[PDB]
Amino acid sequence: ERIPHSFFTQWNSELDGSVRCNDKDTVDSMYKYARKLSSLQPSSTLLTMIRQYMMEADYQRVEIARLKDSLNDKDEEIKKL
């Protein structure tokens, strides 16, 4: 929502530091290179991790709003007393 720039700067820094001629021989080398390159040529675990993650994040939002309401309740429970 509103993120203090001190946290913005530390979080970015934390994330960005965790990123981790007339010859036939040569023609046959081209096929060979493209044959291994072809052999060398979104995961289900990414999809299931981002699902849990976003579910937590959205649940934290209403959990925040719940605490804020319960916070004003305690204030007038202080305020009256």
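Position 1 is the first residue in the sequence shown; the rest follow in order.
- Coordinates are absent for 10 or more residues of the deposited sequence placed between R20 and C21.
- Per the record, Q41 and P42 are separated by 4 to 9 deposited residues that are missing from the model.
- With 8-16 and 67-75 compared on mean CA B-factor from the PDB entry, the stretch scoring higher is 67-75.
- Looking at mean Cα B-factors across 29-37 and 45-53, the upper value is held by 29-37.
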